[PDB]
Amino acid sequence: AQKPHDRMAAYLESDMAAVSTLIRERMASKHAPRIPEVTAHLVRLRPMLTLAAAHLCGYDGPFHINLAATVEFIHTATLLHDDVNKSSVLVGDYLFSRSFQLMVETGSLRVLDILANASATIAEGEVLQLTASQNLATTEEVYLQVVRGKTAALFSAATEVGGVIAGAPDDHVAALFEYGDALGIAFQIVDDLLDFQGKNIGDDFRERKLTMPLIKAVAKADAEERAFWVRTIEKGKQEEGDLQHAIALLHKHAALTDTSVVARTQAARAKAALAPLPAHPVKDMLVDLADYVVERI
């Protein structure tokens, strides 16, 4: 999957350069000089999705660059905010404001709607996460909502705005959205998976954050096992030996193999969502990307 991944990068090489130029130039604040030391310090596939999607639909113009920059600004600002100290909040807010300026300059209300609704979903997931983390009532169906918010919504928006700015027909656009949604879900399930499969390991477990493997394990917990889950997640109390026991319970209940399967299934869904589109070298790159996202499992 290496040479296939490199081809996408090399094709988008120039646009990625010209984006990362914008990110650089807009992180520069007219008045305050106390920003660029933090922004440069913090500065990818999300902005790549937007450019790829634009080229796939034959876009000549300049605004795909704006939109891909917006996409990264939004991802970064969201990261800062999760790392919560005062310096983060306000710097993220700054990037949000800058992201908003960039989309407005494109002249497209449609993409603004798309990114406005996406930002709603993202922020809505972040809060849903607060509640659903450390809460053994959480179904998988509820975790998928969390995943969309925290992860997939931006993927799907990134790809969708790339098609919209290109002026693509509504079927091509829905397919771009579905590609990005499924790819984002796969992307995040892979992360979930690798937090167990071979510093990193058990992180979600200590964090008391309900990953899919944990949901699938808890879903089969007898009284004995429930007490263990009730204790290390909802009470937060953990000791020596507790990570090894959690992992044993995952394996006992096929929680990892089964999560691997959902990952692979969403990744196949991504590729299928490209089907109706007419053939195109970027179409191929996006297929390879769907495989690349799940290669590590």
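The first residue of the shown sequence is 1; numbering continues from there.
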Unresolved deposited residues lying between neighbours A227 and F228 | none
Between neighbours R44 and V43, residues that the deposited sequence lists but the model omits = 4 to 9
Can you tell me which stretch has the higher mean Cα B-factor, 214-222 or 123-131?
-> 123-131
Mean temperature factor over C-alpha atoms, higher-scoring stretch between 70-78 and 138-146 = 138-146
Top residue by Cα temperature factor, when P33, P62, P47, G236 are compared in the entry | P33
Sort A270, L250, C57, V262 by C-alpha B-factor from the entry and give me just the highest.
-> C57
Chain thirds by Cα B factor, record data; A246 belongs to the lowest
What third of its chain, lowest, middle or highest, does the C-alpha temperature factor of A28 fall into?
-> highest
Once the chain's modelled residues are ordered by C-alpha B factor and cut into thirds, is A17 in the lowest, middle or highest one?
-> highest
CA B-factor ranking of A255, expressed as a third of its chain = middle
Compared with the other modelled residues in the chain, in which third is the CA B-factor of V89?
-> middle
